[PDB]
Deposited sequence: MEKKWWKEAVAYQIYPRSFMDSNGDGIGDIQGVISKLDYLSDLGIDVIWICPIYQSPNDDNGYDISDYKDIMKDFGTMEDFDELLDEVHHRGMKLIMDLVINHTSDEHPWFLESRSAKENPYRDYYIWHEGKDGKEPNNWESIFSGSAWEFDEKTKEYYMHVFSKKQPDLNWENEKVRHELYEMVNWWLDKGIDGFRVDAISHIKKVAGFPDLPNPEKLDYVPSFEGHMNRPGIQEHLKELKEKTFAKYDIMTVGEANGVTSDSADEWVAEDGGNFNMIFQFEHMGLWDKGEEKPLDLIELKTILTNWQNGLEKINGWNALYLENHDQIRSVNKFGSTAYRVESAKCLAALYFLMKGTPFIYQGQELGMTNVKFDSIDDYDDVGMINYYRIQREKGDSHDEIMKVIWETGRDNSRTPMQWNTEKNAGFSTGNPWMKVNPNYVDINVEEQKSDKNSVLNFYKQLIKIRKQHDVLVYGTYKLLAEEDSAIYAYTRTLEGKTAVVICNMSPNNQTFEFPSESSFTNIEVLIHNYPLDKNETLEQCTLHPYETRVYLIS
């Protein structure tokens, strides 16, 4: 229940803060900015993988689960981070990556050493078919989902990058070792896990070919390994052997789960996770804004989980997506839309997550060279598509509007060199607009995006209706206005958001003994009457009704 009232902040450590001038963010960097997060009002800190890794996927390819990435620091630095986080009245949850390991993980080095060895079926191996791969499955990062090993004359499976071989969850020895590793971290006193790619662990037995109606070289293989039948057997065991033994919060990255099939994931009775990251409103790995479509999706999840006593994880950004201002708002009304977006997703029923930079209203970036980018997915995509005849401009268009690297440029702290993120050369170039968008500037401006998030966190903590209140959608047919209420006892909160770059008129959806304006991003017009709302572009208002 503490995780229900919590506000979470997601840190992408490589791009948060560098403290020793090598252009790479580190743990001591995070430690130096804990005041910032504490003063923001953050309850829970989720940190992206900080384990030993070759960084072919920036930490999500782990070669040692119990050692810290050398770039980030040592185990002592982590211990210091956890100790300092805990003394500031905050909690830390780690990223649990157990769908796959690095190909440099000792398990896999042994696994690939011979066709028969005790670690061979720790991963997924298969002989080829017709001098080619076992099947036509495409990796999520493009190319074949199978990599050939010359020594043992067989292919190993990787849903993601080549250096990320999938673990074999049908092997009980694999599960046992993972369970031991998980409990090892929980014994250290961490407060839970974000469970990475957990919906990809069950493969369709036999790994059959998928329908290829357009005769591609490789086929998008979601129907082969995402939320496949039988996955709940593993997840239920995972909970029973690890999570259920501790007072922690677990949030599973569960791509491919819909609002009607979310029961055995997040239901109060029998659910394997406290909450999940669902992607129906986001869309992973796709290559104005129908506001009503967004209404339907978010409302489905609100109504759907309320019915089974589930709990929603609320978010608009993360390290795998583009910036929300570009995706849902407007760059022509950056400051305003960022606040409008904030109030929109933050004040729904669930636990809100804040990704680094989101509270500043950071936007996408446009680098001209493919060499300026890092995402293994888009680098592969460039290479493949260019060979097929796509122009440089065509591919960069996709990368700019869609590439997740938009969310991995350094955190913008001030107006100094590299926005104060590093004294050296950042691993990824800083967004040029840092001279306008940074923490220092937004701290002293009471109308900044940063201070708006501070107000949101504060009013949510002060009003139980904003935490446990029932959600109801208002004015569904309005293509510009997203309005909804939160109701708890004699308290009704009315959240109004003008999701358009234009002025809009809107009748107040009225029966109250008291009304109060909890938050607003535009100055209040004195002549304006409550019933006739004249909303500016991306104006948002939250009324409290008694």
| query | finding |
| --- | --- |
| Stretches of the record's deposited sequence for which the structure holds no C-alpha atoms | 1 to 3, 291 to 294, 518 to 519 |
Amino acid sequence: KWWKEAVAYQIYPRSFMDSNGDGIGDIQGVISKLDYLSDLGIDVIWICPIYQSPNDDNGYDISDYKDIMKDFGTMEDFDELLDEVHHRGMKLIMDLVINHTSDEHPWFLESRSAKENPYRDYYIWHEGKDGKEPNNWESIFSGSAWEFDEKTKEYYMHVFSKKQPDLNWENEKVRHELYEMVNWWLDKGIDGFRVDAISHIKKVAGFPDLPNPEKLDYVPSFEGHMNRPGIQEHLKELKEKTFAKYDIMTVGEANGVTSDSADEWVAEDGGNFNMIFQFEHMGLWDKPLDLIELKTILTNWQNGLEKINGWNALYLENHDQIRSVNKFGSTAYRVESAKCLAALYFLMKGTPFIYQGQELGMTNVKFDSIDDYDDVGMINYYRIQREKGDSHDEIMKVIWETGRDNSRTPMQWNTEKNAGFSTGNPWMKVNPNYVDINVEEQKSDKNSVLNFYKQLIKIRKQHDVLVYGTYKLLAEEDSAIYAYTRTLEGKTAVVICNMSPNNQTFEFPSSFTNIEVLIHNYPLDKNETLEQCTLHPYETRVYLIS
From here on, numbers count along this sequence of modelled residues.
property: Residue stretch of maximal mean CA temperature factor, 125 to 133 vs 156 to 164; result: 125 to 133
property: Of 288 to 296 and 462 to 470, the one with larger mean CA B-factor; result: 288 to 296
property: Top Cα B factor in the deposited entry, candidates 194, 202, 215, 327; result: 215
property: Out of 189, 270, 432, 350, residue topping the C-alpha B-factor column of the entry; result: 270
property: Chain third (lowest, middle, highest) by recorded CA B-factor, residue given as residue 375; result: highest
property: Third of the chain, ranked by Cα B-factor, where residue 25 sits; result: lowest
property: CA B-factor ranking of residue 402, expressed as a third of its chain; result: middle
property: CA B-factor placement of residue 11, once the chain's modelled residues are sorted into thirds; result: lowest
property: Among modelled residues of the same chain, the CA temperature factor third for residue 44; result: lowest
